[PDB]
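Colleague: First the structure, which I've put down as structure tokens, then a few questions once you've had a look.
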Amino acid sequence: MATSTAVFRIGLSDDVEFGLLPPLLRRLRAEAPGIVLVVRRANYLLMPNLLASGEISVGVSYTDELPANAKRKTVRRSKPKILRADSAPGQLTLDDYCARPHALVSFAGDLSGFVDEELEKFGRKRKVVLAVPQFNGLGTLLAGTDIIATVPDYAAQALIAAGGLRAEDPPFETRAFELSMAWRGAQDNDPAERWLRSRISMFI
Amino acid sequence: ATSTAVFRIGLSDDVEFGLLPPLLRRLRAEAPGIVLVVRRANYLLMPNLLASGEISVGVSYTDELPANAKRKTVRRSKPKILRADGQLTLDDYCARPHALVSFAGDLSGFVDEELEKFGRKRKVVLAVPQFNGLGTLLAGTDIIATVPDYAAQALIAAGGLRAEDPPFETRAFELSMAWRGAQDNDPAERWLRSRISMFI
């Protein structure tokens, strides 16, 4: 692989890109200086599209369902986290949660999510005032407001690292998709792709 | 001011990164009850979201405009070079490795078209979809990136990088706001386009 000038196309969740990419880039550069990396944005909705269409060979993303012609590997289990920016003492109760306005990380413009689906089961609801298509930058949008966001704990970690937010366990149970490495069945055999995937796994 | 309506806007990665926070602060200050949906769309994907009705207004580099649609320039082009290592000469610029940001999966960008006019070329070694975290990405490397000035301002504010003017020029980073002609009369939509235009 040292003499390779091949171009590689991978898909990454926007939060995963912060931690995975810098150490990864250094490894491929040092051992395969001719290879070019193209990173596409990935989420659990675009993930089957990116694989089935050929836009990426492998992705590291939150994943829900994948095409039948796709292999996958869990890289990290997720639990939900509440993010807030106000200064009120104490953890949010369920009543507090349902009364405050919410920011939703929605990858296709929906104003409701799985949290709303779960709250509806118990006859409760919430008001979403903001839908954003990514995780990063969310702290700049919540700052100085009482808007709260419900995100996977991996995204929460990166957003807490960005500063200005508090993280807590939600006052109820909701979904949190796994972080996965997923690739298409055809490329399980490929040595160049096996090599890239083994290099990604060296850092996550 | 008392509006509680839902607005759906499309923004490229550079605009969502550097300009959405000031825009949102101003939108919420005037109309605290509005609901905002932001869709991510680069300069090639944007027109599809406008034609399909997924958004009512988009902000991106100049692209294809669907039928019935209108556009207006909202910010002039001012690119900046970012570096983590004096000012870079043109020969240094064409010799350093380049990271390309959010060009829909391609290995070419606007700068490649500009350099060709001098019979020059560059080497793109990396393509990423986001501007946030570029500092930690270029840290300890000779890789440079060429971003719009509003993205450079936010990235320099986080520390670790230096920003310079490029050794050539380009209108290619001009921001244009596009919308459908059917919504050209909606007072709520025209309020929104008015505020986007003002707060650039």
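Here's how to read the names in the structure tokens: chain A, B, ... by the order shown, residue numbers from 1 in each chain, ligand numbers from 1 in the order shown.
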Quick one: residues within 8 Å of residue 154 (chain B), only C-alpha atoms, excluding same-chain residues fewer than 4 positions away - as a PDB file with N, CA, C and O atoms, in the first residue's frame?
Modeller:
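Output below, filename result.pdb:
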ATOM      1  N   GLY B  18     -20.367  29.597  10.253  1.00  0.00           N
ATOM      2  CA  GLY B  18     -19.949  30.936  10.620  1.00  0.00           C
ATOM      3  C   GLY B  18     -21.030  31.994  10.718  1.00  0.00           C
ATOM      4  O   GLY B  18     -20.839  33.007  11.397  1.00  0.00           O
ATOM      5  N   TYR B 150     -15.833  34.606   6.543  1.00  0.00           N
ATOM      6  CA  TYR B 150     -16.623  34.418   7.756  1.00  0.00           C
ATOM      7  C   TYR B 150     -16.286  33.101   8.445  1.00  0.00           C
ATOM      8  O   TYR B 150     -16.357  33.013   9.676  1.00  0.00           O
ATOM      9  N   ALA B 158     -10.902  30.436  17.448  1.00  0.00           N
ATOM     10  CA  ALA B 158     -10.670  29.260  18.275  1.00  0.00           C
ATOM     11  C   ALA B 158      -9.194  29.019  18.560  1.00  0.00           C
ATOM     12  O   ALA B 158      -8.876  28.181  19.411  1.00  0.00           O
TER      13      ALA B 158
END
Colleague: Among region 26-135 of chain B, which residues carry a DSSP assignment of helix (DSSP H, G or I), reported as number ranges by chain?
Modeller: B: 26-30, 46-52, 90-95, 110-116, 134-135
Colleague: Keeping only N, CA and C atoms, write the selected residues as a compact mmCIF listing (two decimals), in the first residue's frame.
Modeller:
# COMPACT_ATOMS: atom_id res chain seq x y z
N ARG B 26 -30.33 37.05 16.01
CA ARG B 26 -31.12 38.19 15.56
C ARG B 26 -32.56 37.78 15.25
N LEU B 27 -32.75 36.59 14.69
CA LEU B 27 -34.11 36.12 14.40
C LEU B 27 -34.91 35.93 15.68
N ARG B 28 -34.29 35.31 16.69
CA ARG B 28 -34.99 35.07 17.95
C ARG B 28 -35.26 36.37 18.70
N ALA B 29 -34.39 37.37 18.55
CA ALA B 29 -34.60 38.64 19.25
C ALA B 29 -35.83 39.36 18.71
N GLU B 30 -36.07 39.30 17.40
CA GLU B 30 -37.21 39.99 16.82
C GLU B 30 -38.50 39.17 16.95
N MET B 46 -28.25 22.17 -2.89
CA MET B 46 -29.21 23.22 -2.55
C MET B 46 -30.40 23.37 -3.52
N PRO B 47 -30.15 23.53 -4.83
CA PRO B 47 -31.28 23.77 -5.75
C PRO B 47 -32.31 22.65 -5.74
N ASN B 48 -31.90 21.41 -5.45
CA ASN B 48 -32.87 20.32 -5.37
C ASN B 48 -33.82 20.51 -4.19
N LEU B 49 -33.31 20.97 -3.05
CA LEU B 49 -34.17 21.18 -1.90
C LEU B 49 -35.15 22.33 -2.14
N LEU B 50 -34.72 23.34 -2.90
CA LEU B 50 -35.62 24.44 -3.25
C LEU B 50 -36.72 23.97 -4.20
N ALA B 51 -36.35 23.18 -5.22
CA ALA B 51 -37.34 22.72 -6.19
C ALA B 51 -38.32 21.75 -5.57
N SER B 52 -37.85 20.92 -4.64
CA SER B 52 -38.71 19.92 -4.00
C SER B 52 -39.57 20.50 -2.89
N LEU B 90 2.78 33.06 -3.95
CA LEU B 90 1.98 32.22 -4.83
C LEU B 90 2.66 30.88 -5.07
N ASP B 91 3.98 30.87 -5.22
CA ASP B 91 4.70 29.62 -5.43
C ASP B 91 4.58 28.71 -4.22
N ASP B 92 4.65 29.28 -3.01
CA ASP B 92 4.41 28.49 -1.81
C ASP B 92 3.00 27.91 -1.81
N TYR B 93 2.02 28.73 -2.20
CA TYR B 93 0.63 28.27 -2.23
C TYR B 93 0.46 27.07 -3.14
N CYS B 94 1.05 27.13 -4.34
CA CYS B 94 0.95 26.03 -5.29
C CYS B 94 1.83 24.84 -4.94
N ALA B 95 2.73 24.98 -3.97
CA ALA B 95 3.60 23.89 -3.56
C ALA B 95 3.12 23.17 -2.32
N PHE B 110 -13.03 25.71 -6.40
CA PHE B 110 -12.95 26.97 -7.14
C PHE B 110 -11.50 27.38 -7.39
N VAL B 111 -10.63 27.17 -6.40
CA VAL B 111 -9.23 27.58 -6.51
C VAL B 111 -8.55 26.89 -7.68
N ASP B 112 -8.94 25.65 -7.98
CA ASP B 112 -8.35 24.95 -9.12
C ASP B 112 -8.69 25.66 -10.42
N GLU B 113 -9.92 26.17 -10.54
CA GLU B 113 -10.28 26.93 -11.74
C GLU B 113 -9.50 28.24 -11.82
N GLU B 114 -9.30 28.90 -10.68
CA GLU B 114 -8.58 30.17 -10.68
C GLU B 114 -7.11 29.98 -11.03
N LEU B 115 -6.46 28.96 -10.46
CA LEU B 115 -5.04 28.75 -10.71
C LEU B 115 -4.77 28.44 -12.18
N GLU B 116 -5.72 27.80 -12.86
CA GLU B 116 -5.53 27.46 -14.26
C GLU B 116 -5.36 28.70 -15.13
N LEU B 134 -11.27 22.41 11.66
CA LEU B 134 -10.17 22.50 10.71
C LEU B 134 -8.85 22.78 11.41
N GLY B 135 -8.88 23.53 12.52
CA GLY B 135 -7.66 23.83 13.24
C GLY B 135 -6.96 22.59 13.75
Colleague: Based on only C-alpha atoms, which of the residues in chain A come within 8 Å of chain B? I want them as a list in words.
Modeller: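 Residues passing the distance filter: residues 14, 18, 21, 22, 35, 36, 37, 38, 39, 40, 41, 107, 108, 109, 111, 128, 129, 130, 131, 132, 133, 136, 137, 140 and 141 of chain A.
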Colleague: Can you measure CA of residue 74 (chain A) to CA of residue 30 (chain A) for me? One decimal in Å is fine.
Modeller: 27.3 Å
Colleague: Within 7 Å of region 59-70 of chain B, counting only C-alpha atoms, which residues qualify if same-chain residues fewer than 6 places away don't, as a list in words?
Modeller: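 Listed by chain and then number, they are residues 10, 11, 12, 42, 43, 44, 47, 51, 173, 174, 175, 176, 177, 178, 179, 180 and 181 of chain B.
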Colleague: Please determine, counting only C-alpha atoms, which residue among B:149, B:186, B:142, B:165 has the shortest atom-to-atom distance to residue 89 (chain B).
Modeller: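 The closest residue to residue 89 (chain B) is B:165.
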